[PDB]
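According to PDB author numbering, the sequence shown is numbered sequentially starting from -1.
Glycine included, C-beta positions come from ideal geometry on N, C-alpha and C.
The structure appears below as structure tokens.
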Amino acid sequence: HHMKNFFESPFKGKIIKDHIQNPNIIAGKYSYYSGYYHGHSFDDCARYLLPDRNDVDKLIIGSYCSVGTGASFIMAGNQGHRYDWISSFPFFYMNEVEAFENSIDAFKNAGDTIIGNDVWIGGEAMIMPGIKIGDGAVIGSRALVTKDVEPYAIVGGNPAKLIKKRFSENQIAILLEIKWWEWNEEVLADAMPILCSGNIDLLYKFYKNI
């Protein structure tokens, strides 16, 4: 029952879609997890995600995302606790107690957890159940994300709050139209020096000439 480190070094991550074993995690190309400081593979970032059921909330991750060490995505909805029932205790799941035999299942799904494309998640951020995070967002280290995150928003804190957006509203609108994460690798390679800059207007010109 020993705990092992899946990462040889702080300075090497692992591409998520190449290493996950949980079929209820879906991950896009190139997105990676850098998990040296917490040891476990990315599968264990998806807490309480049942691997053997097709009717539970899934964890969906876009392309070109960066996930920091010990980030977690809380799955399984309410985990069998209803705070609007008289007790939050999950009687239905403790079936070794005769007194609990007529208990009722409190479990509720929350909806899928959806991480967009080009999302940078800092170390030990924690995403609550059912949350949607827009394309281009930045989730600060240790952010406790209780609400959906707008595209290109930088959020931080516990609870997480908007700090600022990465670009202006008009610039964001341009990026959401052109969706560079959908480009094939030949087109992406040609755009690479522009993508490694802030020149959204130039990328727009590039896109129009594809």
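Starting from residue i, follow its DSSP beta bridges and name the residues at the other end.
{"i": "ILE13", "result": "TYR30"}
{"i": "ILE58", "result": "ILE24 and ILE112"}
{"i": "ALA189", "result": "Per DSSP, none; premise fails for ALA189."}
{"i": "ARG45", "result": "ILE72"}
{"i": "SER39", "result": "Answer is none; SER39 lacks a bridge partner."}
Would you call the CB atoms of residue i and residue j closer than 9 Å?
{"i": "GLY75", "j": "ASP55", "result": "yes"}
{"i": "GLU99", "j": "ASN93", "result": "yes"}
{"i": "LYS163", "j": "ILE176", "result": "no"}
{"i": "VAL65", "j": "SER39", "result": "no"}
{"i": "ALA189", "j": "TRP181", "result": "yes"}
In chain order, what residues of the same chain lie with their CB nearer than 6 Å to the CB of residue i, ignoring the 5 residues before and after it?
{"i": "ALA123", "result": "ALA69, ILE137 and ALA141"}
{"i": "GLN19", "result": "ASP41"}
{"i": "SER7", "result": "none"}
Check residue i in the structure and name its three-state DSSP category.
{"i": "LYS145", "result": "coil"}
{"i": "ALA135", "result": "coil"}
{"i": "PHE71", "result": "strand"}
{"i": "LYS163", "result": "strand"}
{"i": "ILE125", "result": "strand"}
{"i": "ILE198", "result": "helix"}
{"i": "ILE176", "result": "helix"}
By Cβ distance below 7 Å, which residues in the same chain neighbour residue i in space, the five residues on each side in sequence not counted?
{"i": "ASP110", "result": "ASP55, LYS56 and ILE58"}
{"i": "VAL185", "result": "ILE208"}
Going by beta carbon distance, what residues of the same chain come within less than 8 Å of residue i, once the five residues before and after it are set aside?
{"i": "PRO21", "result": "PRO49"}
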